[PDB]
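Participant: 90 is the number that the UniProt record's numbering gives to position 90 of the sequence shown; each next residue is one higher, with no gaps.
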Amino acid sequence: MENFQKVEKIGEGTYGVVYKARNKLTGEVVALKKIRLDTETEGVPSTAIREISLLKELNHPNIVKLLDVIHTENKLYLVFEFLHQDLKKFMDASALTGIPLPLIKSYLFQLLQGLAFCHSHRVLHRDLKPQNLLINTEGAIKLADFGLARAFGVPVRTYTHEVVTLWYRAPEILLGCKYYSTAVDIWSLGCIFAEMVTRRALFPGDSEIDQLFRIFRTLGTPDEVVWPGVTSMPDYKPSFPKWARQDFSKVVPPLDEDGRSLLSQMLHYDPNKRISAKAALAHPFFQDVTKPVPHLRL
Ligand SMILES: NS(=O)(=O)c1ccc(Nc2cn3cc(C(=O)c4c(Cl)cccc4Cl)ccc3n2)cc1
Numbered sequence: 001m002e003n004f005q006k007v008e009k010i011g012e013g014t015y016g017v018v019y020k021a022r023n024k025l026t027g028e029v030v031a032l033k034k035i036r037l038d039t040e041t042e043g044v045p046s047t048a049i050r051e052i053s054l055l056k057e058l059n060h061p062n063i064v065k066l067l068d069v070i071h072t073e074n075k076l077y078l079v080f081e082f083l084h085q086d087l088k089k090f091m092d093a094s095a096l097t098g099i100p101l102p103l104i105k106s107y108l109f110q111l112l113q114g115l116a117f118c119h120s121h122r123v124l125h126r127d128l129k130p131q132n133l134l135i136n137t138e139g140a141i142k143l144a145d146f147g148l149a150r151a152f153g154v155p156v157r158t159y160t161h162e163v164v165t166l167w168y169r170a171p172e173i174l175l176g177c178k179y180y181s182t183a184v185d186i187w188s189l190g191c192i193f194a195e196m197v198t199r200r201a202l203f204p205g206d207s208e209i210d211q212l213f214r215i216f217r218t219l220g221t222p223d224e225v226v227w228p229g230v231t232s233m234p235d236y237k238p239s240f241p242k243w244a245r246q247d248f249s250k251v252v253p254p255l256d257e258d259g260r261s262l263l264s265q266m267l268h269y270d271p272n273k274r275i276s277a278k279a280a281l282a283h284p285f286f287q288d289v290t291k292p293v294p295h296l297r298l
């Protein structure tokens, strides 16, 4: 740890503080994540240690590379490759004119590649969001904090008591499914996709029930017809209001039919009907995908 020199705090993270230190040996600039853990009264669980050690191997161009895991002093530090911008900041900077469709499509395509990879390794993200997607000057976008959920967990509030966003949570998670699948990442990515297109969060709930109900008001309250087994879910209430489904043309204009079609499949209620990352990659929406360069101001 003495091998690193912090240059500036860049994030409060969900597990701990994220610094932009420099490696004193190699001289590289990196993203240092400090996961708080005691020594005796706690001390990093062996389990998490082996989990994280498996993520060090999960290398893909669309996944932020985990350079190292330092456990010294009985504490946990994660050293990640550094990026200058996350998608949230980029969308905020592109709010006035909107991110060009070609770039939106490129990012969606790359992220699906990243997910296809992780998912083929039985590793799910669980908490995809704009702030966790990082981009560079070359037009690449990468999944960040991948696997750190299963490793540790996803708390309601971060160490800074900051509330965790529910906007991208799949319905099965909200309904209490304890053993959800890779389909949850596809849902989150679908929500992000819509947001890049419309320049407004698709389902900005501020509570679990508000999130669920916002989803219901748009996609219609799910029932046994569109989601077999939904009424038997841990948190499903027969008393849920019954809202009728809305047209996608009204949800993401002016996205073309191919994008709307693809989005509809990424937002299917039934996790088993929801399109997989691999299948999504073959969607007609991507027949003319390219890799534009974004206009980034670092
Ligand atoms: N705000 S902004 O656009 O200027 C902006 C945004 C990001 C960065 N640098 C950066 C942060 N960062 C975080 C991770 C992670 O793995 C990660 C951790 Cl550790 C905790 C929470 C979220 C993520 Cl993603 C991996 C690589 C990485 N590079 C610089 C500027």
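Yeah, the Cβ is synthetic: ideal placement off N, Cα and C, and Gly gets one too.
1. Does the region 101–121 come close enough to the region 167–175 that 3 or more CB-CB pairs lie under 8 Å?
2. Tell me whether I63 counts as near ligand 1, meaning its Cβ is closer than 6 Å to at least one heavy atom of that ligand.
3. Heavy atom of ligand 1 less than 6 Å from the Cβ of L115, yes or no?
4. Given that a residue counts as buried once 16 or more other Cβ atoms are within 10 Å of its Cβ, and exposed if not, what is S106?
5. Specify the secondary structure class of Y77 as computed by DSSP and reduced to three states.
6. Using a Cβ-based criterion (distance less than 6 Å to any ligand heavy atom), does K34 qualify as near ligand 1?
7. Exposed or buried, which one is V164 when buried takes at least 16 other CB atoms within 10 Å?
8. How big is the Cα-Cα spacing for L212 and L296?
9. Relative to the C-alpha of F82, which residue among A93, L76, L67, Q287 is closest?
10. Could you name the residues that DSSP lists as bridge partners for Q113?
11. Name the DSSP bridge partner or partners of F4?
12. Within its chain, find whatever has a CB closer than 7 Å to the CB of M233; leave out the 5 residues flanking it on each side and keep chain order.
13. Could you give the distance in angstroms between the alpha-carbon of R122 and the alpha-carbon of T182?
14. Whether or not the region 22–32 and the region 47–55 are in contact is what I'm after, with contact meaning three or more pairs of Cβ atoms, one per stretch, closer than 8 Å; do they touch?
15. Can you tell which of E8, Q5, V18, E2 has its C-alpha closest to the C-alpha of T158?
16. With DSSP collapsed to three states, give me the class of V163.
17. Does ligand 1 have a heavy atom nearer than 6 Å to the CB of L83?
18. Is any non-hydrogen atom of ligand 1 found closer than 6 Å to the C-beta of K89, if you look at the structure I gave you?
19. Compare the C-beta of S232 with all C-beta atoms of chain B and state if any pair is closer than 7 Å.
20. Looking at the strands, I want to know which residues DSSP matches up with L37.
Facilitator: By the coordinates alone:
1. no
2. no
3. no
4. buried
5. strand
6. no
7. exposed
8. 35 Å
9. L67
10. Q113 pairs with nothing; no bridge assigned.
11. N23
12. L175, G176, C177
13. 8 Å
14. no
15. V18
16. strand
17. yes
18. yes
19. Judged by its chain identifiers, the structure shown contains no chain B, having just a single protein chain.
20. The partner list for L37 (beta bridge, DSSP) is empty, contrary to what the question assumes.
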